Amino acid sequence: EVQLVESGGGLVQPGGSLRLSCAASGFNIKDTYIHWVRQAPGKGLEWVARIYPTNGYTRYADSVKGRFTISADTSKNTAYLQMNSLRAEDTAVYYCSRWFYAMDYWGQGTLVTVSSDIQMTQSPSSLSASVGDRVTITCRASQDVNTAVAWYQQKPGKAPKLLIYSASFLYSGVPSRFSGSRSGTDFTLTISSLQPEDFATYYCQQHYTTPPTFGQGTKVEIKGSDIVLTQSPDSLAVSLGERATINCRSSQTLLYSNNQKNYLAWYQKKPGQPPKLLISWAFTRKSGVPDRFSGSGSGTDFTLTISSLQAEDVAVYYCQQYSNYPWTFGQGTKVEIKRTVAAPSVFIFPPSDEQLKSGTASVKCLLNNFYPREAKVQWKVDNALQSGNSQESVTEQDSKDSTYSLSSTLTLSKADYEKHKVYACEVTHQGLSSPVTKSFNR
Amino acid sequence: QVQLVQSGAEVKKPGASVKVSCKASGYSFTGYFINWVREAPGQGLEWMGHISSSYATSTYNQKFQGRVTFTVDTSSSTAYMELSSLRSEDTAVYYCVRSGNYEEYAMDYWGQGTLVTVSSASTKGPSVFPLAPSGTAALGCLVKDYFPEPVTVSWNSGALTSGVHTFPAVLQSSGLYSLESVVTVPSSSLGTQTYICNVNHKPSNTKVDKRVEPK
């Protein structure tokens, strides 16, 4: 199992020095060339240096001549990159790879941060496509590169992956939909039917001469809107101990064709607590989540199921996709306990004279311990129906009795509160055969 | 255990900038992504982006592109999120959350969250007003004009729990917050038992005790 592991990267002050190591495994560097290729923040892959361990032949890039040194210890099966008087321009992720003039194996790279001539022209810089689309990227060689062109794929946070070598040959394990072709100095990569796992940045490289050159990269992105997840229903009410269902539909498939896994997760969100992961891969229950939670579905529709709802399951449930950027959430689904109709108990509070000291009057109407949520509170002053100066607050559903409490505040300037003489709140609800009015005078 | 501990709550004026931190422990820092999720009142959950702990390079949600910057310091295993040009709409709870790169990819192991309140208002404690008592009677306490959130309300230093309803805070035109805390108690007890609401506003280190006797 060929493996390349980079190490030694870190924070180096300007004009500083640092050594990087590349430990090889499953093969011997004596048998091949070793390359150091760097990638600056936001930019493309840049070959910096190369060594043949057997005879210690070294080739550098003009960018790093005299500031970078590459060595190797065949005994240790390790390649090394010494760096001195480092510049701000040197900050980058440094990968080590190996050569079949293709870079088939890459380490996952190591970050170096400096705290202060064949050319390949890739087209286009950016590209927007949809799952199922046929995509074509191209790279114009600045001169004759006979068939010495490879194609690589790179996703954020990961090393490049060899896709095509010698311009039309499919690297072992690459899926059939990928192909590349050559027409003189025109080079083409083409994806038959875009799969959800193909959104990435693609790089052309010529392996004809040395230094190997790279195209600036073609980013393939989701066309149109971000992956949208729509949940149904928006709100749910089921009785204690009964089954609750929530569905989530994705505007595109979350199923990777290469591994048959759905990149969909289910989260619970209670006020004041961080989101709690319940399910990943669309059906795998997170260790420790109660049995009664389950997840099903695939492709574009998924379902979260609570086999028997409990008072502690009252929360907002969100579906979430981590298949492609930007990662998105569903709009959410409020689940609440369904119970019997409970008429509110209505109370009215006049402005404290202590508050009337402050210069404003707050008359409050309290609806206590009612169900369901729908409740209309209308304020009337001297039997004049009001509007426009009322705000309502609502409690979370009570765990034990499954009811709600509501507080409505009529706010007035103390002057206007002196003007009138009768204040009442009229409450309408399913538990009231007819509206119930509560009043006070002063 | 894997753990992410975030910095404390922040209050900022519109147009200001805020830096939130997320100290990670219990795992190999460089091997994972740190995502930043936000919950703004009534907006649900929103992914702003994530940073590779190894590369220090980020993928941003283009809705915040240019206003949000992720960084990491591996020497202290900490990730930072800096949001600039703060608006009132950025008032929200910001979570850091780890996500895997090799086998597990779902965002798991969340931080406790960081409340960031963006407003012209300044930190001030609440004015506590009694809501004098009206079979069962209702009485209350009005905690008014405090900034920022939150406020804790107890009754009889915790002795009285049953029948208590502390409503969620309301954001006034003032830009200050006000909430109500009511309780139902048997009418007859009104003259026997004494009721004191304890209000604690740690952001301003205010502590108030108020009695509600009949009017």
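What the deposited record gives as its method is X-ray crystallography, and the resolution it gives is 2.2000 Å.

Helix and strand counts for chain B come out as zero helices and 19 strands. Its C-alpha atoms give chain B a radius of gyration of 22 Å, clearly above 17 Å, the size a compact globule of 215 residues would have. Residues classed as buried in chain B amount to 50% of the 215 residues present. When the accessible area of chain B is evaluated, it comes to approximately 9400 Å², of which 47% is carbon and sulfur surface. The centroid of the 16 positive side-chain charges in chain B is displaced by 8 Å from the centroid of its 15 negative side-chain charges.

For the rest of this paragraph, the subject is the packing of aromatic side chains. All names here are of chain A. This structure, assessed with the given rule, holds 33 aromatic pairs over all chains. Note on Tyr33 and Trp99: the rings are 5.7 Å apart at their centroids and 40 degrees apart in plane angle, and the pair reads as tilted. With a gap of 66 residues between them, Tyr33 in the loop between strand 3 (18-25) and strand 4 (34-39) and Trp99 in the loop between strand 9 (92-98) and strand 10 (105-106) connect regions that are remote in the sequence. Look at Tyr33 and you get partly exposed, because its relative accessible area is 27%.

We now examine the pattern of salt bridges. Summed over all chains, the structure comprises 19 salt bridges over all chains. Among the ionic pairs, A:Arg177 bridges to A:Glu197, the shortest N-O distance being 3.0 Å. Of this pair, A:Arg177 sits in the loop between strand 17 (169-170) and strand 18 (178-183) while A:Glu197 sits in the loop between strand 19 (186-191) and strand 20 (201-206), placing them 20 residues apart in sequence. The exposure class of A:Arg177 is buried, given its relative accessible area of 12%. The salt bridge involving B:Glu46 is made with B:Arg38; its shortest N-O contact spans 3.3 Å. We classify B:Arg38 as buried; its relative accessible area is 6%.

All right, on to the domain arrangement of chain B then. Taken domain by domain, chain B comprises domain 1 (3-118) and domain 2 (127-211). Its C-alpha centre places domain 1 of chain B at a distance of 34 Å from the equivalent point of domain 2 of chain B.

Here we take up the nonpolar core. In this structure, A:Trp36, A:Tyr94, A:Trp106, A:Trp151, A:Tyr202, A:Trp266 and A:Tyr317 are the most contacted members of the largest nonpolar core, which totals 97 residues. Look past the residues within four positions of A:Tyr202 in its chain and what remains in contact with it is A:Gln122, A:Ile137, A:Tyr152, A:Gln153, A:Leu163, A:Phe178, A:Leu189, A:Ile191, A:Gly217, A:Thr218 and A:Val220. Membership of the second largest hydrophobic core comes to 28 residues, among which are B:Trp36, B:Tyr60, B:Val68 and B:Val118.

Time to look at the side chain of A:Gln153. Its place among the elements puts A:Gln153 in strand 15 (residues 149-154). Setting aside anything within four residues of it in sequence, one finds A:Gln153 in contact with A:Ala159, A:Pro160, A:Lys161, A:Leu163, A:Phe178, A:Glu197, A:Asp198, A:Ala200, A:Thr201 and A:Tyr202.

Now for the sheet that holds strand 14 (residues 135-141) of chain A. All names here are of chain A. Sheet architecture is open: four strands sit in the order 12-14-19-18, paired in antiparallel fashion. Edge positions in the open sheet fall to strand 12 (120-123) and strand 18, since each of these has one partner strand only. Here the average twist between neighbouring strands, direction ignored, is 20 degrees.

Quick look at the interface of chain A and chain B now. The interface of chain A with chain B comprises 49 residues on the first partner and 49 residues on the second. In total, chain A and chain B occlude about 4100 Å² of area from one another, counting both sides; carbon and sulfur atoms represent 64% of this. Considering only the side of chain A, the residues that lose the most area to chain B are A:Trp327, A:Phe329 and A:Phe349, jointly responsible for 16% of the buried surface there. Here chain A and chain B share three salt bridges between them. Salt-bridge contacts for B:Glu39 lead to A:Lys269; the nearest nitrogen and oxygen are separated by 3.0 Å.

Residue and element names in this part refer to chain B. Tallied over the entire structure, the rule returns six disulfides over all chains. Residue pairing for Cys22: its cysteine sulfur links by disulfide to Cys96, the two sulfurs lying 2.0 Å apart. The sign of the S-S torsion, about 75 degrees, decides the handedness of the disulfide formed by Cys22 and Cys96: right-handed. Taken together, the residues span a long stretch of sequence, with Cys22 in strand 3 (residues 18-25) and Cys96 in strand 9 (residues 92-100) at a distance of 74 residues.

Residues and elements named next belong to chain B. The topology assignment puts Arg87 in the loop between strand 8 (78-83) and strand 9. C-alpha separation for the pair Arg87 and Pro126, spaced 39 residues apart in sequence, amounts to 24 Å. Setting aside residues up to four positions removed in sequence, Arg87 forms contacts with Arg67 and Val118.

Turning our attention to the pairing of strand 35 (residues 360-370) of chain A. If a strand is regular, its side chains alternate between the two faces of the sheet. Residues and elements named next belong to chain A. Where burial is concerned, most of strand 35 is hidden: nine out of the eleven residues are buried. Two elements, strand 34 (residues 345-349) and strand 35, share five bridges in a ladder whose sense is antiparallel. Its bridge partner being in strand 35, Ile348 is matched across the sheet by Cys365. Across nine bridges, strand 35 lies against strand 39 (residues 404-413) in antiparallel orientation. Looking at the pairing, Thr360 lines up with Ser413 of strand 39.

Right, let's get into the sheet that holds strand 29 (residues 293-298) of chain A. Residue and element names in this part refer to chain A. Reading across the sheet, the four strands line up as 23-25-30-29 and stay open at both edges, with antiparallel pairing between neighbours. The open sheet has two edge strands with one neighbour each: strand 23 (229-232) and strand 29. When the angles between neighbouring strand axes are averaged without regard to direction, this sheet yields 20 degrees. Bridge count between strand 25 (residues 244-250) and strand 30 (residues 301-306): six bridges; the pairing is antiparallel.

Residues and elements named next belong to chain B. Within the secondary structure, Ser17 is located in the loop between strand 2 (10-12) and strand 3. Sequence-wise, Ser17 and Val68 are 51 residues apart; in three dimensions their C-alpha atoms are separated by 9.7 Å. Dropping the residues within four chain positions of it, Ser17 is found in contact with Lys12, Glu82, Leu83, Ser84 and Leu86. Within the structure, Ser17 has its side chain in polar contact with the backbone oxygen of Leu83 (distance 3.0 Å).

What follows covers unusual backbone geometry. Across residues other than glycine, the phi torsion is negative in most instances, and most of the peptide bonds are trans. Residue and element names in this part refer to chain A. Cis geometry is adopted by the peptide bond preceding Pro124, which originates at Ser123 and carries an omega value of -5 degrees. Topologically, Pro124 is positioned in the loop between strand 12 and strand 13 (126-129). The omega angle of the peptide bond from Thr210 to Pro211 is 10 degrees, so this bond is cis rather than trans. Within the secondary structure, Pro211 sits in the loop between strand 20 and strand 21 (213-214). Unlike most non-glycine residues, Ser85 shows phi in positive territory, near 45 degrees. Overall, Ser85 belongs to the partly exposed group, its relative accessible area being 42%.

In this section: the pairing of strand 1 (residues 3-6) of chain B. Residue and element names in this part refer to chain B. Only one face of strand 1 is buried, namely the one carrying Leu4 and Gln6, since none of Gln3 and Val5 on the opposite face is buried. As paired elements, strand 1 and strand 3 share four bridges and run antiparallel to each other. Bridge assignment links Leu4 to a residue of strand 3, and that residue is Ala24.

About the thresholds
- Residues numbered from 1 in each chain as written, not as in the entry; some residues may be left out.
- Chains lettered and ligands numbered in written order.
- Heavy atoms only, no water.
- Helix = DSSP H or I, 4+ residues; strand = E, 2+ residues; numbered from the N terminus.
- Rg over C-alpha atoms; globule rule 2.2 N^0.38 Å.
- Buried < 20%, exposed > 50% of the residue type's maximum accessible area, 1.4 Å probe, protein only.
- Areas by Shrake-Rupley, 256 points an atom, 1.4 Å probe, with all protein chains shown as cover.
- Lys, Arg positive; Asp, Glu negative; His and termini not counted.
- Charge placed at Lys NZ, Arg CZ, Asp CG, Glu CD.
- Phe/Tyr/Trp six-rings, centres within 6.5 Å; stacked < 30°, edge-to-face > 60°.
- Salt bridge = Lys/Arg side-chain N within 4 Å of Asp/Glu carboxyl O.
- Domains from an automatic or database assignment.
- Core = buried A, V, L, I, M, F, W, Y, C linked by side-chain atoms within 4.5 Å.
- Contact = heavy atoms within 4.5 Å.
- Pairing = 2+ DSSP bridges.
- Axes fitted to C-alpha atoms, helices over the stretch in contact; angles between N-to-C directions.
- Buried area = accessible area lost by both parts, 1.4 Å probe.
- Disulfide = S-S within 2.5 Å.
- Polar contact = N/O pair within 3.5 Å; in protein donor to acceptor, adjacent residues only side chain to side chain.

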